[PDB]
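Student: Experimental structure below, sequence on top.
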Amino acid sequence: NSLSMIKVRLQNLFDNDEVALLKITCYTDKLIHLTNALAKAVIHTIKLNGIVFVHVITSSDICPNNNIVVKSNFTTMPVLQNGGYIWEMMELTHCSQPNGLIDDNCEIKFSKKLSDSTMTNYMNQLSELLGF
Amino acid sequence: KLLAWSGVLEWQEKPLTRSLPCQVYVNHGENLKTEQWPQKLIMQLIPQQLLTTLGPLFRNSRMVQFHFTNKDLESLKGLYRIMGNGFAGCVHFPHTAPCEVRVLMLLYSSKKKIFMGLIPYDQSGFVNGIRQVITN
C-alpha cells in the first residue's frame, strides 16, 4: 500500500542543454526491482504532442512489468519537438515521500536489448513486407 | 472527427493471421485522399524502441487516427496488450502499381486509449530508414 517515488535526471545525449526529469511512483515492494532495472538501462523517449512514450531498455536479468509503475511524470526543459530522444541518466534519487501530486503525463515501456537473431528476423520479415 | 477511409487491417503475428476491420479518421479541418488506398492493409508489430532514431522523419508526418469496429473484441484485446507492452505496427499498403502512400506506422497510447497512424511525407526515406535501423 506504501508508495515510493524515484527521480531520474536526464540530459539529451546530443545536446546536454536539453534536460528532462522523470518521476516514477511505485509500491515499495518493487522499489528495489525498479531501481535495479534503471541502474542497468538506457532511456529513450518518443514525443507525439501530448503522448510521451518512455523506453527503459535494460541489460538487467529480470525485465519489470509495466504495471509496477503507478504514476509517471516526464518534464523537459526546454519543450521538445515531436520525435525521438536518447537520454543519459545523470542521477537517480529515491524520495519515497509521494505526497506531491503527480501528473501521469507519460507511459513507460520496459524492455531488453534485442539479440542479433531477433533483429535478423525483423530484417527478413520487414524486407518481405515493405519489399526492400 | 472526419471519417476518411474504412477497410481491414490484417495483423500477421509471425509467432497466425488475425484480420481486424477498422476506420481512419482525420481532424475536422484536415483533408486526406484515400480513394487510391486498398481495402486491406497488412501490419506486423515491431518493438517501438526501434523507431527512436527515425524521430526526425516521423516528425515530418501526417497524423491520423485508427478506430477498430470491435467485430471481434478477442482479437482487439491481444492488440491492446502487445502494443501496450511497447510494440508499434508497421503497416504496408499492398500495391502492384506505384501509389503515394505505401507505409504508415501505428502507435497505441495505453493512457489515452487511442491508435495513432503516422504517414511519412517522405515515404521512400522512411522505408529506407526502417531498413537502416534493422540492418545489422
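Tutor: Cool, the structure landed. Numbers count the residues shown, from 1 in each chain, chains lettered A, B, ... in the order given.
Student: Every contact and neighbour count from this point should use C-alpha atoms.
Tutor: Noted.
Student: just the helices in chain A please.
Tutor: Remark: helices assigned in chain A by DSSP state H are A:28-39, A:116-130.
Student: Around chain B, which positions in chain A sit nearby?
Tutor: A:44-46, A:51, A:55, A:66, A:81-86, A:106-107, A:109-110, A:116, A:119-120, A:122-123, A:126-127, A:129-130, A:132 (Cα under 8 Å from any Cα of the partner chain).
Student: of those residues, buried ones?
Tutor: Neighbour counting by 16 or more other Cα atoms under 10 Å in any protein chain shown classes A:44-46, A:51, A:55, A:82-86, A:106-107, A:109-110, A:119, A:122-123, A:126-127, A:129-130 among the residues of chain A next to chain B as buried.
Student: center of chain B - which residue?
Tutor: residue B:106 (3.3 Å; Cα atoms, centre = their mean).
Student: What strands line up against the helix or strand encompassing that one, and which way round?
Tutor: If you go by DSSP states H and E, residue B:106 is part of strand B:103-109. Applying DSSP bridges, strand B:103-109 is found paired with strand B:87-92 (antiparallel), strand B:114-120 (antiparallel).
Student: Buried residues in the next helix or strand after the last one, which are they?
Tutor: I take that to be strand B:114-120. Tracing the chain past strand B:114-120, the next element assigned as helix or strand by DSSP H and E is helix B:123-134. Going by neighbour count (16+ other Cα under 10 Å), the buried part of helix B:123-134 is B:123, B:126, B:127, B:129, B:130, B:131, B:134.
Student: State the phi and psi torsions of the residue of chain B found nearest chain A.
Tutor: Scanning chain B for the residue nearest chain A gives residue B:55, at 4.0 Å (criterion: Cα to the nearest Cα). Torsion angles at residue B:55 (phi, psi; degrees, to the nearest 10) stand at phi -50, psi -50.
Student: what separates it from residue B:61, distance-wise?
Tutor: From residue B:55 over to residue B:61 the distance is 10 Å, taken as Cα to Cα, to the nearest Å.
Student: ok so, going back, tell me, which of the buried residues of helix B:123-134 make contact with chain A?
Tutor: Within the buried residues of helix B:123-134, those near chain A by Cα under 8 Å from any Cα are B:127, B:131, B:134.
Student: With distance to residue A:40 as new columns, can those be given to me in a markdown table?
Tutor: As requested, those are arranged in a markdown table below (distance: Cα to Cα, whole Å):
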| residue | distance to residue A:40 |
| --- | --- |
| B:127 | 32 |
| B:131 | 28 |
| B:134 | 23 |
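Student: Residues of chain B that sit close to chain A?
Tutor: Going by Cα under 8 Å from any Cα, the residues of chain B near chain A are B:46, B:49, B:51-56, B:58-59, B:84-86, B:92, B:103, B:109-111, B:127, B:131, B:134-136.
Student: For residue A:4, which non-adjacent residue is spatially closest?
Tutor: Nearest non-adjacent residue to residue A:4, counting by Cα to Cα, 6 or more residues apart in numbering or on different chains: residue A:96, 3.7 Å away.
Student: Neighbours of the residue of chain B closest to chain A, how many?
Tutor: Applying other Cα atoms under 10 Å in any protein chain shown, we find 18 residues neighbouring residue B:55.
Student: One more: residue A:39?
Tutor: 15.
Student: ok, so what distance separates it from chain B?
Tutor: For residue A:39, the distance to chain B equals 19 Å [Cα to the nearest Cα, to the nearest Å].
Student: Over to residue A:33?
Tutor: Residue A:33 sits 18 Å away from chain B, going by Cα to the nearest Cα.
Student: Contact partners for that residue?
Tutor: residue A:64 (Cα atoms under 8 Å, 6 or more residues apart in numbering or on different chains).
Student: what's the closest non-adjacent residue to residue B:72?
Tutor: Residue B:72 sits nearest to residue B:20 (Cα to Cα, 6+ apart), 7.5 Å away.
Student: do residue A:77 as well
Tutor: Nearest residue to residue A:77, sequence neighbours excluded (Cα to Cα, 6+ apart): residue A:19, at 5.4 Å.
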